[PDB]
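Residue numbers (the deposited numbering), protein chains in the order written: chain B, 4 to 120; chain A, 3 to 121.
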């Protein structure tokens with residue numbers, strides 16, 4: 004079963020993602036920070052990581068770091084904030100998708116399905 | 003240094019707008035009304051930046067990728083009448099480094115272009 008990791012300070016973001024993917028053949032895990040995210044990436048296979056974007060280039064640096072250290076792990080952005088430059092820079096950093104919060108559970112599920120082979 | 007900027011767009015109005023926004027600031031702006039004309043130019047002179055109108059959809063994305071593969075030192079930015087999250091994502095994935103809505107402000111285009119030229 005493919006594993007999806009939600010990197011967000013909010014447990015609720017994790018709950019919503021789990022609600023969308025759980026009964027659809029996906030194992031969802033939660034990392035409240037970058038430190039914790041890397042602890043998991045190093046110990047297990049993680050197919051997709053959702054990163055919360057909004058603050059400076061550090062959010063972009065996390066995307067880059069994940070992509071470089073774990074090339075087999077795809078990264079998608081999940082955020083409430085959305086402007087042209089956030090989208091452009093996150094994809095430049097290596098993100099494969101950019102999904103807005105609040106999201107429809109069925110929309111998230113279909114975007115995830117397109118990302119994970 | 004005077005960078006060359008090529009506008010690939012059927013619209014002469016768009017070409018003129020880009021020219022007016024960049025000419026006086028040290029940019030050499032040229033016009034290609036279509037893909038064929040764009041490559042005739044690319045095969046003859048080095049182009050620093052190309053603006054591609056993404057109207058034809060996947061054909062436009064196909065063009066961005068072809069320019070990037072054949073002329074890797076050439077930067078590509080999109081000009082579009084519509085802004086869409088997915089269009090933006092796919093454009094950047096194809097190799098575009100910016101996405102600008104048209105009609106655009108002259109000062110805004112100049113600043114974005116300078117930003118693209120720097121790095």
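Quick reminder that beta carbons are idealized off the backbone N, C-alpha and C, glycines included.
- Counting only the Cα atoms, residue 68(B) lies some 14 Å from residue 39(B).
- Counting along the chain, no alpha helix (DSSP H) covers residue 6(B); the unbroken beta strand (DSSP E) around it starts and ends at 6-10.
- Chain-ordered, the chain A residues with CB closer than 8 Å to the CB of residue 100(B) read 91.
- Contact of residue 94(A) with chain B is assigned, a C-beta pair being separated by under 7 Å.
- Residue range 60-72 is occupied by the alpha helix (DSSP H) that includes residue 64(A).
- Contact note: residue 87(B) reaches chain A through 85, 90 and 101, using a C-beta cutoff of 8 Å and chain order.
- DSSP assignment within the region 21-107 of chain B yields the following whole alpha helix (DSSP H) runs of 4 residues or more, N-terminal first: 37-46, 61-72 and 87-96.
- If you check the CB distance, residue 17(A) and residue 9(A) come in under 7 Å.
- In this structure, the alpha-carbon of residue 45(B) lies about 26 Å from that of residue 26(B).
- Contact between residue 30(A) and residue 5(A) is confirmed by a C-beta separation of about 7 Å, below the 8 Å threshold.
- Only exposed fits residue 110(B), as fewer than 16 other CB atoms lie within 10 angstroms of its CB.
- The Cβ atoms of residue 93(B) and residue 57(B) lie no closer than 7 Å to each other.
- The Cβ atoms of residue 119(A) and residue 100(A) do not sit closer than 7 Å to each other.
- Residue 85(A) sits away from residue 54(A), with the two beta carbons spaced by 7 Å or more.
- Collapsing the DSSP output to three states places residue 112(B) in a helix.
- Our two residues, residue 37(A) and residue 62(A), have alpha carbons roughly 9 Å apart in a direct line.
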